[PDB]
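First comes the structure, then the notes that go with it.
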Number of protein chains: 2
Amino acid sequence: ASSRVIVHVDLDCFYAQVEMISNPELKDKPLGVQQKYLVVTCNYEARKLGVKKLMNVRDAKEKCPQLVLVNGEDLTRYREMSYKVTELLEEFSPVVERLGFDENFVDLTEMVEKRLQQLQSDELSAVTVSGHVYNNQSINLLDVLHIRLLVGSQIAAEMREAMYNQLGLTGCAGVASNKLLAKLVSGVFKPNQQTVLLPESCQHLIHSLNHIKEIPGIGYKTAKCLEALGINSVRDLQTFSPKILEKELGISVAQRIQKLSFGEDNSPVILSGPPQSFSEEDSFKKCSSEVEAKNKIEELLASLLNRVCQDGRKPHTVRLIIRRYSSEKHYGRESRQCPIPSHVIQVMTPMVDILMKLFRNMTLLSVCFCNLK
Amino acid sequence: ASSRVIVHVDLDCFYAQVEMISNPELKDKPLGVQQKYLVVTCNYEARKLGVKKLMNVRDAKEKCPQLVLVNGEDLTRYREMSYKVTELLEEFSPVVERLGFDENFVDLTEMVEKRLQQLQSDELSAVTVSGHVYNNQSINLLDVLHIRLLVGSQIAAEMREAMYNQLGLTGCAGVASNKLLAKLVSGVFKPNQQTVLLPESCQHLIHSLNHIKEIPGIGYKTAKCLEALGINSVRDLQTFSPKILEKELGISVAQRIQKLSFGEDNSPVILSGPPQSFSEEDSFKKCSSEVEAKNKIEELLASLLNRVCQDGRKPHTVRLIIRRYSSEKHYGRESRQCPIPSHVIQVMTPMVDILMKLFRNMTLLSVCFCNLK
DNA sequence: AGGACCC
DNA sequence: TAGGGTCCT
DNA sequence: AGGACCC
DNA sequence: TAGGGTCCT
Ligand SMILES: Cc1cn([C@H]2C[C@H](O)[C@@H](COP(=O)(O)OP(=O)(O)OP(=O)(O)O)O2)c(=O)[nH]c1=O
Ligand SMILES: Cc1cn([C@H]2C[C@H](O)[C@@H](COP(=O)(O)OP(=O)(O)OP(=O)(O)O)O2)c(=O)[nH]c1=O
Ligand SMILES: [Mg+2]
Ligand SMILES: [Mg+2]
Ligand SMILES: [Mg+2]
Ligand SMILES: [Mg+2]
């Protein structure tokens, strides 16, 4: 139980893909999906004309005045397609980890080894790769690790074929020996393709990054910190003093981000299984007076009730969340959590009143059901 | 799945019992178990001379200058006897809930019904109670609920017999239709006896309480609150306005404590299973300079390492906890949590250094291992 | 992290 | 005024 | 409850 | 500048 083969699958322009499948007339047209004033994502025809992901509508329509826009506020169809994808991959190997609605990690290590024991001592010389080899690295067919990664590339090609034939969806895959590297290498050939990373190329891939914010796991906060410390490239982070860093971000945050700077990441792929919460949200900037706005709370509820329902399990907790306006409080949401009374779990009319009183102990409103059973 | 039969088992003067079993020469002598300046508990010979539970040593030895004292700082033997008791009860019925080291709830409902279907349509008239009937209530052998509670009293008598024959331990049991009432009724005949509560006596038992702090679930805090609201007896709490209370303690805290004031409590008996944390502590008032005291941290560790070991499972988290002195900050402990590095989980010498740095980001010190797997 | 509650 | 422990926000 | 991180 | 989601302190 040492060397792993992991694949990271990452779909193309996910919400746009789903909209292009719904209305074929949007294909071959530059297409953005809009949520409020945000073009959250756009198909590849639109990225040709300069549309980037997460541009405001304005910036997007003066970079490209001909861009089609569809509303993507309601996530229901993206969410349903996201679970179809995960459940397809779970069929190849049960332990599938989701990240957001369009990425899945799968530990192929068992599956690769069982294919290897199926091949006789001969056809092992005919193993080839499927897709690109990062940094155009030469393969050595006598290196057991290259062999396993290539079988891994083949599983990846079958998963993406299946996603295409069964669900109509294209995407990218990255095959590597842990999750960090599979997820970095899945973006190297962007549109609907796959890349495999051999160990000799690990430092090349990790040094190809131009800022430590690009390392999955280093966020808006830790990045700003690392800077204030003159740590700007991945190599600065690799060479920086362990102690200074230990004693500045916690043992935890420090010992881990420094591993990742090397390309080292031992986190297992975890079975995501069913969601741990179900929430809906609404944005409406400056609209919530402060009592004329609980209706809103009923809207949220309406959908939520249907969703939480359907799963099977019932939630044992309810939560209410807000924010408010003046200057750029860069972070500042508030919430009040409470247990859902047992009579109520077995509908609307009291829920509402749990929320209303929760709302009282109290730009934007949401409701979250959590603690499912 | 409506009416339940629950038993609450509550051992006599637990730590003292254990000490009296270790050193028989302490029997028939008034015995207190001491932790620092606190006589945490005392056997029944000592309660005759005025020793109460949780008296200071001073107050205890001038109420009773002849009282024997043994040190109970080290909990190891009380903890081991506590699990022997729980595992014995789990043998009667698997779902056993612990509360502290010497109380266990068991849902006898399945066990009672299967004994009932074993008795032919005749010997059902010969069912008798074992132990006391709260408030000396008359039994009605044609009341299915009285019958089930009496079979429940008989299971209770077998559990306490078994605890005595197998482990040498005496205790009390309370049989009732939910956990609140079984735990209130287990103290009515205190020393080594058992009481059963029939439904007609529920209001009598709940009104026998002299302050709402006595209701399991209403603590130091909510009690002081309830007062500031003129709510002093259980009847005040029962009659108080639901809304005023809803809108003053949360929907949660309010709707629940008001049920309990009635004797109503639907919480299931939960399987406690293995512990969710392992911690040790040390008190030493004014002793921790502020660097001369990490040794202390090594001591804690030493035992902890042995305990967490033994279970099987390993902990994935470590925590450090403190407090400090001036005036009576009535609540004020602090802690810094961090993940235990994966190399380390498979010993002392780095642990120490996780703690030491945790101690730096930072009257009394403790270490807690949690998040077991 | 800390709060609140239990033994 | 000890030395533990549980679950919630 | 809130923080921090991800898509 | 959206609408979701996960796990930790
Ligand atoms: C990062 C991010 C994505 N999304 C949504 C929109 C995306 O279509 C979807 C997937 O995120 P991504 O995979 O980052 O974006 P993408 O699939 O749209 O584009 P690409 O082809 O480069 O992979 O999740 C958000 O709504 N908010 C976010 O901040
Ligand atoms: C309440 C409490 C108990 N204990 C310990 C000492 C006790 O022996 C043990 C059990 O608690 P209890 O059952 O309340 O006390 P007891 O068994 O000693 O006395 P009784 O015969 O009245 O039931 O837990 C503490 O250490 N601290 C506490 O605050
Ligand atoms: Mg992505
Ligand atoms: Mg994508
Ligand atoms: Mg007790
Ligand atoms: Mg006791």
Side-chain angles (χ1 to χ4, degrees), chain A residues 10 14-15 33-41 53-57 72-75 78-79 82 97-103 183 216-220 222 250 252-253 270 272 275-283 285 317 319 321 332-339 366 368 371, chain B residues 10 14-15 33-41 53-57 72-75 78-79 82 97-103 183 216-220 222 250 252-253 270 272 275-283 285 317 319 321 332-339 366 368 371:
Chain A
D10 185 337
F14 189 48
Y15 286 3
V33 173
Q34 178 183 198
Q35 288 185 326
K36 280 321 185 303
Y37 307 90
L38 228 206
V39 186
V40 69
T41 186
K53 290 188 290 191
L54 308 151
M55 217 157 257
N56 358 267
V57 134
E73 273 160 32
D74 183 356
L75 292 196
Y78 307 140
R79 174 203 302 120
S82 189
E97 192 171 338
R98 314 175 105 232
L99 220 201
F101 280 11
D102 89 322
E103 294 174 41
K183 168 169 191 181
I218 297 178
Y220 184 38
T222 39
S252 171
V253 182
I270 288 310
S272 295
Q276 301 298 300
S277 49
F278 295 84
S279 68
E280 316 252 299
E281 225 168 282
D282 206 14
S283 228
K285 307 300 216 31
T317 310
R319 176 186 325 222
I321 303 156
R333 350 163 95 74
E334 291 150 34
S335 48
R336 281 340 151 160
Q337 190 187 320
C338 91
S366 71
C368 178
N371 197 262
Chain B
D10 185 337
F14 189 48
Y15 286 3
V33 173
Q34 178 183 198
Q35 288 185 326
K36 280 321 185 303
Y37 307 90
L38 228 206
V39 186
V40 69
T41 186
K53 290 188 290 191
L54 308 151
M55 217 157 257
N56 358 267
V57 134
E73 273 160 32
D74 183 356
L75 292 196
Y78 307 140
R79 174 203 302 120
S82 189
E97 192 171 338
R98 314 175 105 232
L99 220 201
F101 280 11
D102 89 322
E103 294 174 41
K183 168 169 191 181
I218 297 178
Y220 184 38
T222 39
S252 171
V253 182
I270 288 310
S272 295
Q276 301 298 300
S277 49
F278 295 84
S279 68
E280 316 252 299
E281 225 168 282
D282 206 14
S283 228
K285 307 300 216 31
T317 310
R319 176 186 325 222
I321 303 156
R333 350 163 95 74
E334 291 150 34
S335 48
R336 281 340 151 160
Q337 190 187 320
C338 91
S366 71
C368 178
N371 197 262

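Numbers restart at 1 for each chain; the letters A, B, ... are given by sequence-line order, proteins then strands. Only heavy atoms go into these numbers, but all of them, side chains included; no hydrogens, no water, no symmetry mates.
- Atom name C1', nucleotides C/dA4 and F/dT6: the rounded distance is 26 Å, in whole Å.
- Looking at heavy-atom distances under 4.0 Å, A/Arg79 makes contact with sugar-phosphate atoms alone, never a base.
- OP1 or OP2 of D/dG3 has not a single side-chain nitrogen or oxygen of B/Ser279 nearer than 4.0 Å.
- In terms of phosphate contacts, A/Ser252 brings no side-chain nitrogen or oxygen within less than 4.0 Å of OP1 or OP2 of F/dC8.
- You'll find that the side chain of B/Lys285 is closest to D/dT1, out of C/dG2, F/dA2, D/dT1.
- To the nearest angstrom, P of D/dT6 lies 9 Å from CZ of B/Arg98.
- Here C/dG2 does not sit opposite F/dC8 as a base pair, Watson-Crick or G-U wobble, with both distances under 3.5 Å.
- When side chains are defined from C-beta on, B/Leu75 counts as touching B/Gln35, because their heavy atoms get closer than 4.5 Å.
- Distances from the side chain of B/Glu334 to the nucleotides C/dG2, D/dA2, F/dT1 place C/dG2 closest.
- A close approach under 4.0 Å does occur between a side-chain nitrogen or oxygen of A/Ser277 and OP1 or OP2 of F/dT6.
- Between C/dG3 and D/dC7 there is a base pair of the Watson-Crick or G-U wobble kind, both of its two distances falling under 3.5 Å.
- Each of D/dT6, E/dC5, D/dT1 was ranked by its minimum atom distance to the side chain of B/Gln276; first place goes to D/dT6.
- The side chain of B/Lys183 lies closest to C/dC6 when the candidates are D/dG4, F/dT1, C/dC6.
- Residue A/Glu73 comes nearest to A/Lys36 through the heavy atom pair OE2-N, 2.8 Å, listed as atom of the first residue, atom of the second, then distance.
- Within the 4.0 Å cut-off from OP1 or OP2 of D/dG3, at least one side-chain nitrogen or oxygen of B/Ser283 is found.
- When distances run from any side-chain atom of A/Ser335 to the nucleotides D/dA2, C/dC5, E/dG2, the shortest one goes to E/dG2.
- Here the side chain of B/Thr222 is nearest to one of D/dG3, C/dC5, F/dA2, namely C/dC5.
- One can place CD1 of B/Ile270 at 16 Å from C1' of D/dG5, the figure rounded to the nearest angstrom.
- At a threshold of 4.0 angstrom between heavy atoms, the contacts of B/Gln34 with the nucleic acid are absent.
- Comparing atom distances between the A/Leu54 side chain and each of F/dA2, C/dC5, D/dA2 picks out F/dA2 as nearest.
- You'll find that the side chain of A/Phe101 is closest to F/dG4, out of F/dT6, F/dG4, E/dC5.
- Within a 6.0 Å radius of OH in A/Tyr37, no more than 12 heavy atoms belonging to other residues, nucleotides or ligands are found.
- Picking from D/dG4, F/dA2, D/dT6 the nucleotide with the shortest atom distance to the side chain of B/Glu281 gives D/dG4.
- Nearest nucleotide to the B/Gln35 side chain, out of D/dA2, C/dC5, F/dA2: D/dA2.
- Contact check for B/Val40 versus B/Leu54: side-chain heavy atoms found under the 4.5 Å cut-off.
- Using a 4.5 Å heavy-atom cutoff, the side chains of B/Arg319 and B/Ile321 are in contact.
- Atom name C1', nucleotides C/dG2 and F/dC8: the rounded distance is 14 Å, in whole Å.
- Residues B/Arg98 and B/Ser82 have side chains that bring a donor and an acceptor to within less than 3.5 angstrom of each other.
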